[PDB]
Amino acid sequence: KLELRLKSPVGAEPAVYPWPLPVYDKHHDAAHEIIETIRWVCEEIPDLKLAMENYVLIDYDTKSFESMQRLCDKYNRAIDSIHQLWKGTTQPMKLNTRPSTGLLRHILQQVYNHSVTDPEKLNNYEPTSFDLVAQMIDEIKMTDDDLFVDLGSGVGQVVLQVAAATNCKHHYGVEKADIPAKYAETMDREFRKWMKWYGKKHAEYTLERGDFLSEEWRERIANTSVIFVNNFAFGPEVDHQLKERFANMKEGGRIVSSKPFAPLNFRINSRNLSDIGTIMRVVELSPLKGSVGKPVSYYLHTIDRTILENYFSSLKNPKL
Ligand SMILES: CC(C)N(C[C@H]1O[C@@H](n2cnc3c(N)ncnc32)[C@H](O)[C@@H]1O)[C@H]1C[C@@H](CCc2nc3cc(C(C)(C)C)ccc3[nH]2)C1
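## A few points about the nonpolar core
Inference 1: One finds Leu 6, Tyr 17, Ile 38, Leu 48, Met 52, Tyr 75 and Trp 197 to be the most contacted residues of the largest nonpolar core, which totals 49 residues.
Inference 2: Residues lining this core come from more than one domain, with at least three contributed by each of domain 1 (1-123) and domain 2 (130-320).
Inference 3: Ignoring any residue separated from it by four or fewer positions in sequence, one finds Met 52 in contact with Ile 38, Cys 42, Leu 71, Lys 74, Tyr 75 and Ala 78.
Inference 4: Judged by nonpolar contacts, the second largest core, of 21 residues, contains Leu 151, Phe 246, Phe 261 and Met 280.

## So, the site of the ligand
Inference 1: With respect to spatial proximity, 18 residues lie near the ligand, and among them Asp 150, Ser 153, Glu 175, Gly 210 and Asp 211 are the closest.
Inference 2: Contact distances for the ligand include 3.3 Å between an oxygen atom and a backbone N or O atom of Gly 152.
Inference 3: The separation between a nitrogen atom of the ligand and a polar main-chain atom of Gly 210 is 3.5 Å.
Inference 4: Against a free-state accessible area of 820 Å², the protein chains account for coverage of 84% of the ligand.
Inference 5: The set of elements that each furnish at least two residues to the shell around the ligand consists of β5 (148-151), α6 (157-165) and β6 (171-175).

## Some details on the pattern of salt bridges
Inference 1: Scanning the entire structure with this criterion turns up ten salt bridges.
Inference 2: Across the pair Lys 49 and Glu 43 runs a salt bridge whose closest N-O atoms are separated by 3.5 Å.
Inference 3: Put simply, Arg 254 and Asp 146 hold a salt bridge, and the shortest N to O gap is 2.6 Å. Of this pair, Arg 254 sits in strand β9 (residues 254-257) while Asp 146 is found in the loop between α5 (129-140) and β5, placing the two residues 108 residues apart along the sequence. Pair check on accessibility: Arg 254 and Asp 146 agree, each one buried.
Inference 4: The network of salt bridges with shared partners includes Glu 208, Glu 216 and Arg 220.

## Examining unusual backbone geometry
Inference 1: The omega torsion across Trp 19 and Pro 20 is 5°, close enough to zero to call that bond cis.
Inference 2: At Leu 320, a residue that is not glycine, the phi angle is positive and equals roughly 55°.

## Quick notes on the side chain of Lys 74
Inference 1: Locating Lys 74 in the fold gives a position in helix α3 (residues 65-85).
Inference 2: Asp 73 provides the closest opposite charge to the buried, salt-bridge-free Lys 74, at an N-O distance of 7.3 Å.
Inference 3: Polar side-chain contacts of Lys 74 include one of 3.2 Å to the side chain of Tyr 60.
Inference 4: Aside from chain neighbours lying at most four places away, what touches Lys 74 is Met 52, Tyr 55 and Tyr 60.

## A short note on empty space enclosed by the protein
It is a probe the size of a water molecule, rolled over the atoms, that shows where empty space is left.
Inference 1: The calculated volume of the largest cavity comes to roughly 100 Å³.
Inference 2: Mapped by element, the contributors of at least two residues to the lining of the largest cavity are α1 (30-44) and α2 (46-53).
Inference 3: Ranked by residues supplied to the lining of the largest cavity, first place goes to α1 with four residues.
Inference 4: Looking at the lining of the largest cavity, its residues break down into seven nonpolar, no polar and two charged.
Inference 5: Its volume calculated, the second largest cavity comes out at about 40 Å³.
Inference 6: Looking at the second largest cavity, the residues that line it are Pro 9, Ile 45, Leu 48, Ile 79, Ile 82, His 83 and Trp 86.
Inference 7: Broken down by element, the lining of the second largest cavity gets its largest block of residues, three residues, from α3.
Inference 8: In terms of residue class, the lining of the second largest cavity is made up of six nonpolar, one polar and no charged.

## Focus on the environment of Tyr 198
Inference 1: Considering the arrangement of structural elements, one finds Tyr 198 in helix α7 (residues 178-198).
Inference 2: Residues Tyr 198 and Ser 286, spaced 88 residues apart in sequence, show a C-alpha to C-alpha distance of 33 Å.
Inference 3: With residues near it in sequence (within four places) discarded, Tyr 198 still touches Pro 9, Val 10, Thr 37, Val 41, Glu 44, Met 93, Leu 103, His 106, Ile 107 and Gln 110.
Inference 4: There is a polar contact of 3.1 Å between the side chain of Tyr 198 and the side chain of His 106.

## A look at the packing of α2 against α3
For any two helices packed against each other, the geometry is given by the interaxial angle and the distance between the axes.
Inference 1: Axis separation between α2 and α3 bottoms out at 10 Å; the angle between their running directions is 135°. One way to sum up the angle between α2 and α3 is to call them oblique. For α2 against α3, the interelement crossing comes out right-handed. Residues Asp 47, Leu 48, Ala 51 and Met 52 of α2 form the contact with α3, whose participating residues are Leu 71, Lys 74, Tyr 75, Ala 78, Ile 79 and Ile 82.

Analysis parameters
- Residues numbered from 1 in each chain as written, not as in the entry; some residues may be left out.
- Heavy atoms only, no water.
- Core = buried A, V, L, I, M, F, W, Y, C linked by side-chain atoms within 4.5 Å.
- Buried < 20%, exposed > 50% of the residue type's maximum accessible area, 1.4 Å probe, protein only.
- Domains from an automatic or database assignment.
- Contact = heavy atoms within 4.5 Å.
- Near = heavy atom within 4 Å.
- Polar contact = N/O pair within 3.5 Å; in protein donor to acceptor, adjacent residues only side chain to side chain.
- Areas by Shrake-Rupley, 256 points an atom, 1.4 Å probe, with all protein chains shown as cover.
- Helix = DSSP H or I, 4+ residues; strand = E, 2+ residues; numbered from the N terminus.
- Salt bridge = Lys/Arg side-chain N within 4 Å of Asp/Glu carboxyl O.
- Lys, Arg positive; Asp, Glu negative; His and termini not counted.
- 1 Å grid on protein atoms, 1.4 Å probe; cavity = no way out; pocket = protein on both sides within 12 Å on 5 of 7 lines; lining within 4 Å.
- Points joined across faces, edges and corners; volume = space filled by probe spheres on them.
- Nonpolar A, V, L, I, M, F, W, Y, C, P; charged D, E, K, R; others polar.
- Axes fitted to C-alpha atoms, helices over the stretch in contact; angles between N-to-C directions.
- Parallel < 35°, antiparallel > 145°, perpendicular 65-115°, else oblique.
- Left-handed = near helix turned anticlockwise from the far one by under 90°.

In structure tokens:
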């Protein structure tokens, strides 16, 4: 049918690619997706690499189908070879694995390229976040008991990313507007599709329609251990409304944001006991060197009512 097919490394349904090979944006074509996909699978399987590298030269002219099929076939043949070896005394790769950071960037990238049909329909109302978000996840030091929500989910790329790098129960995304929430519906599928295509595990997640300020979410925000929220352009109305939901939150949970929900040099005194800063720490996170008003940093808030307790331990016994 004048097309290309890649064979899944765990005998899942192959990836179909129509010719000519679609270009998605100024820096992303499906041609390189392929090349990437291949060398990423070569990564999981040292054997496939062994069967490929010692023969392949990696590079081909992407303009020619006669040259792209040349590679795909080579790859597809190497796959069968390994699958045969999978019938021998040797074990296959462990199926219950999470993606390595490197791999996952590529995966989410595919999910974007394939689901975002019109890369302009949202980018008009919106203004690599991956590397950034990755940093935050190491900073969050997430434990198997936490719950995560992205407030204002968008198409939920982060929702997905957290779901693959951490290890917890149903993680959630909340999106009000129909457009990005609609894209999220197919973003759900492709992600789950490609994950199976690669044979990698991901925590349960759910990309939802709704407003986070609404009555129902008041409750849920309080139950959620980890909160990512990009609040750069939020405006005082909504900013205050969040602080109240964050108030109810359990002890020790975290909030990551572009803008601080509590001042940085916050000392507790007379006319500030009502303020949210009383129940949380706010340490500043330094930005990754390759990501973009140039001067920007980030803020990690941790629920700490010992901050408060100390002030009420101090009103008893003035040492000065
Ligand atoms: C500016 C943020 C909040 N957001 C805008 C979206 O918020 C949505 N939104 C507005 N108010 C809404 C409402 N009350 N309920 C439902 N959703 C609403 C709105 O529809 C819009 O699509 C965009 C971020 C993008 C989602 C992916 C994402 N990038 C993140 C970056 C970060 C950093 C800054 C800490 C690194 C953290 C989390 C991220 N998630 C969508």
